[PDB]
Amino acid sequence: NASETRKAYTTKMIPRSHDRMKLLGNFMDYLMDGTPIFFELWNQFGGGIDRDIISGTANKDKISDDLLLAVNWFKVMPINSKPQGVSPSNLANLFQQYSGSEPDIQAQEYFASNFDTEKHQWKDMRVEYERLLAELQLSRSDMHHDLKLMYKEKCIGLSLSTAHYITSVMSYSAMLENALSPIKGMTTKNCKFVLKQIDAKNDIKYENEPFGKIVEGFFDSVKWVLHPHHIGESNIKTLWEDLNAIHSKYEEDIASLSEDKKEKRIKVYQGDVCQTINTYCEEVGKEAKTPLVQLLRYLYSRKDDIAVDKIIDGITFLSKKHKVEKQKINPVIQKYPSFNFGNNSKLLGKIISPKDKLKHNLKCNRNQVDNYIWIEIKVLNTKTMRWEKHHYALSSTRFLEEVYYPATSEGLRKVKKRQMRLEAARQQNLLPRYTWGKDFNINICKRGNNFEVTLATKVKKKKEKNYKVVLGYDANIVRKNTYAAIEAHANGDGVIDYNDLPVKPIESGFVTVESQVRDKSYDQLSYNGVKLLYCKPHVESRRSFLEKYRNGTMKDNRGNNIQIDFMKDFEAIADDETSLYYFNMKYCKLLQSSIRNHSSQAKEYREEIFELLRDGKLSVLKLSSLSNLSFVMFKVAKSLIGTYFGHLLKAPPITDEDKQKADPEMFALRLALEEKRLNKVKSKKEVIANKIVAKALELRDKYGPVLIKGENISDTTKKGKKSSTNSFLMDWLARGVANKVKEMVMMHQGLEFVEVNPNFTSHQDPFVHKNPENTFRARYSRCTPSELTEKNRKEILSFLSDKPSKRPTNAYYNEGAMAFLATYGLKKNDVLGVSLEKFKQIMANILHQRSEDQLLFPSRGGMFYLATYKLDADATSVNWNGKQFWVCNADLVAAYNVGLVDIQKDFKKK
RNA sequence: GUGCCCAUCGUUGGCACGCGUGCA
């Protein structure tokens with residue numbers, strides 16, 4: 001209803017007058033050097049609190065007295081700091097000495113919380129409070145009364161007030177907000193951290209610690225965290241059932257036939273178990289992350305030592321323990337200041353704005369208006385100890401285009417264009433008035449010999465509720481991220497009722513950014529690179545590089561062979577049909593594998609990485625597509641360089657500084673590429689948000705307010721999803737997209753963001769699933785018989801296998817395969833046979849009989865999901881048996897179902 | 001003002017965006 005948000009334009013300061021610039025710099029340095037004084041002083045006041053002083057409202061959600069008090073006078077400050085004097089050993093008795101308090105679990109687990117002893121350490125804040133009292137020559141009773149009074153006005157402890165009220169009751173304000181900002185933020189973060197840990201520490205079994213260490217022996221059999229997704233929590237039971245069945249088939253072969261042939265028996269037993277676990281991970285890997293075969297075979301090798309239901313407990317115990325032991329506490333560190341400036345209660349100072357800029361340009365020999373901004377900032381000069389309002393220059397061209405241009409009429413190539421383009425507006429008479437208002441909270445920070453002013457501003461929303469329309473999007477890396485907008489109560493072709501209202505499918509399509517080019521119109525979100533029509537030299541250089549390397553060893557069958565200059569994937573990656581970005585991704589994966597094997601000779605693997613990233617004309621850094629597999633290219637590049645460092649020095653662990661010292665250029669390259677990927681993921685977030693909000697505006701001007709149906713992880717205390725799908729979702733910070741989209745929702749009037757978990761959003765048939773009854777129809781892959789392969793027939797016939805389908809997806813694909821047989825009359829006896837050419841011929845005959853020409857068969861890695869209505873807007877009415885379904889696009893139907901998931905609640909009939 | 005896209009880097013190339021606490 002009332003949610004204001006900030007917006008800054010990251011302006012740039014210019015040195016215009018050395019004397020005044022240095023005066024402002026001296027004032028800023030004065031305030032910056034005075035800020036640590038207030039930081040230490042407020043630490044001193046905070047540490048002085050004692051029990052019986054919080055005996056007021058006591059309005060905390062679940063924070064006990066012990067935790068609040070300990071955290072408020074126990075903190076982890078940098079090692080090189082005055083408050084030193086305590087060690088992490090005697091913490092319990094130290095707390096006991098203060099007010100005779102018993103350290104309970106609530107406070108103990110805070111105490112029993114690890115920190116980074118390399119740079120931080122615990123500080124007393126109580127003997128330091130006594131030191132402050134002594135240095136102030138004030139009685140302990142007086143200081144205690146003063147701090148109690150301050151806490152009464154919420155001026156110390158948890159959730160302090162703003163510097164305005166503080167200083168009013170207690171130039172000082174701005175340096176104060178750069179001092180107690182950490183004292184206010186880190187305290188709350190730590191208290192919530194301890195709450196979460198206690199809520200996730202007691203829940204740990206505490207009885208399987210023996211089995212936990214037993215399984216942890218796997219690592220001692222770089223270190224990474226173990227999680228339940230490494231086993232397939234609910235399916236390893238069936239895996240061991242099958243392995244037990246095999247063992248019974250091996251007990252007879254072991255007790256009997258003990259001659260010189262049981263060596264082959266044990267070899268085939270090992271092969272059978274390894275291949276069974278591999279098939280187990282692959283089949284479950286089609287819906288989740290494939291468990292590491294190495295871990296599974298290791299644990300099976302210790303099957304006897306662990307019971308059937310003890311492996312699950314051990315792995316979950318390890319997950320909980322190793323996420324608890326890597327989640328650290330928040331150290332209250334010296335905050336760097338920023339010194340915001342505002343026109344309401346901060347240090348008085350103002351951007352002048354356009355009408356006044358025109359006034360001051362007319363009084364001088366300025367043509368009509370200058371390309372820079374002038375800000376009047378109140379600098380308190382020290383030499384002349386007084387405040388003067390001095391004018392300084394900002395150069396934010398974007399700001400000029402946005403709000404800093406008047407309505408007269410209604411290396412520098414790029415930048416100059418923006419002003420000239422904006423200059424043309426002065427003579428085209430198009431730009432509307434901006435209604436300055438002068439409500440900008442300009443921020444001025446001093447790092448070195450420069451400044452980074454921003455000109456922040458506050459924008460209100462007044463969010464609406466009557467969402468006449470809804471919108472959803474996929475935000476996945478499968479392929480073709482997409483969106484779909486659905487109306488609520490329309491009356492037309494689509495009057496499809498869900499429970500009590502006709503949700504009409506308005507539109508649905510892939511969301512791709514438009515980036516016009518001299519001769520084409522590419523899409524950053526899905527370009528996938530060029531089709532290698534002109535990029536022959538780049539791939540040819542890659543071929544020349546990889547021609548001189550013999551081969552590598554795989555792990556599918558524990559053996560591989562080569563003679564000389566054997567290839568790995570060129571025959572299936574050097575095709576002009578393949579996209580450039582995918583080619584680079586595959587090449588980077590191949591190099592990652594090569595270094596994984598060829599580790600000793602890493603000295604020769606630096607020029608190539610440079611070429612793919614810096615030196616190559618079509619380098620990864622230069623040319624890339626802001627495509628879902630594009631982030632895959634950068635992730636594989638990061639992993640490639642990390643593994644290159646880890647396999648060049650092949651043993652204490654090697655840190656970032658070791659990488660610096662070993663090779664300076666490579667480490668700088670990894671940092672540059674990480675920055676590239678960080679700002680590029682920011683770019684994808686903002687661009688997808690911009691398109692979604694623009695299409696939301698389209699709907700708003702068409703019909704009305706539109707929701708977006710995003711995905712949330714925290715702030716709901718549900719977390720019904722496991723860490724498995726949580727990680728499978730949060731990749732490439734998908735939430736960030738949603739996050740960005742809600743931040744922009746804070747300004748684009750009429751929009752509104754609501755997030756819904758990713759559950760029940762995989763194969764649901766839109767508008768019929770959970771409308772009358774659960775449907776959960778499967779996906780397929782429309783295609784002609786002329787381009788089938790072994791995989792398609794293998795997959796469809798595998799769907800026909802009748803067993804205990806633990807995963808509902810397998811059962812639903814079984815039902816889909818039965819429906820496919822009914823539609824085609826495949827004669828399962830003959831359909832489940834070999835010679836896929838026979839199946840293709842039968843499909844061709846069926847298509848010749850029917851009027852249709854392209855066949856339609858179920859599959860997993862396939863698009864063209866079947867819907868019962870017109871969704872894709874290009875769907876054809878294909879009859880399955882007698883159902884006259886619509887062959888829409890799988891991605892669009894996924895966009896449809898990920899939307900409206902909880903519309904029955906997000907859009908109640910209130 | 002930072003950035004993103006490009007066989008070629010401009011046709012006056014196209015386009016986007018909040019800077020700073022914890023998010024995998």
# chains A, B, ... in the order shown; residues from 1 in each chain; ligands from 1
call {"tool": "interface_residues", "arguments": {"of": "chain A", "to": "chain B", "cutoff": "8 Å", "atoms": "only C-alpha atoms (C1' of nucleotides)", "output": "MDAnalysis selection string"}}
result
chainID A and resid 6:12 182 185:186 189 396:398 417 421 454 514:518 522:524 533:535 623 625:626 679:680 683:684 686:687 690 727 730:731
call {"tool": "select_by_dssp", "arguments": {"residues": "stretch 697-783 of chain A", "states": "strand (DSSP E or B)", "output": "PyMOL selection string"}}
result
chain A and resi 706-707+710+752+755+780-783
call {"tool": "write_last_selection", "arguments": {"atoms": "C-alpha atoms", "output": "PDB file, in the first residue's frame"}}
result
ATOM      1  CA  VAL A 706      -0.811  -7.782 -13.726  1.00  0.00           C
ATOM      2  CA  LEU A 707       0.996 -10.055 -11.274  1.00  0.00           C
ATOM      3  CA  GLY A 710       7.838 -15.454  -9.128  1.00  0.00           C
ATOM      4  CA  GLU A 752       2.773  -6.280  -8.318  1.00  0.00           C
ATOM      5  CA  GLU A 755       6.338 -15.452  -5.409  1.00  0.00           C
ATOM      6  CA  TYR A 780       6.224 -35.224 -25.693  1.00  0.00           C
ATOM      7  CA  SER A 781       8.313 -34.227 -28.709  1.00  0.00           C
ATOM      8  CA  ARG A 782       6.533 -33.577 -32.002  1.00  0.00           C
ATOM      9  CA  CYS A 783       8.694 -34.537 -34.977  1.00  0.00           C
TER      10      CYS A 783
END
call {"tool": "select_by_dssp", "arguments": {"residues": "stretch 448-660 of chain A", "states": "alpha helix (DSSP H)", "output": "PyMOL selection string"}}
result
chain A and resi 536-547+580-597+607-610+630-648+656-660
call {"tool": "atom_distance", "arguments": {"atom1": "atom CA of residue A:473", "atom2": "atom CA of residue A:750"}}
result
18.2 Å
call {"tool": "residues_around", "arguments": {"residues": "residue A:339", "least_positions_apart": "4", "cutoff": "10 Å", "atoms": "only C-alpha atoms (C1' of nucleotides)", "output": "ChimeraX atom specification"}}
result
/A:28,31-32,171,173-178,346-347,442-446,453
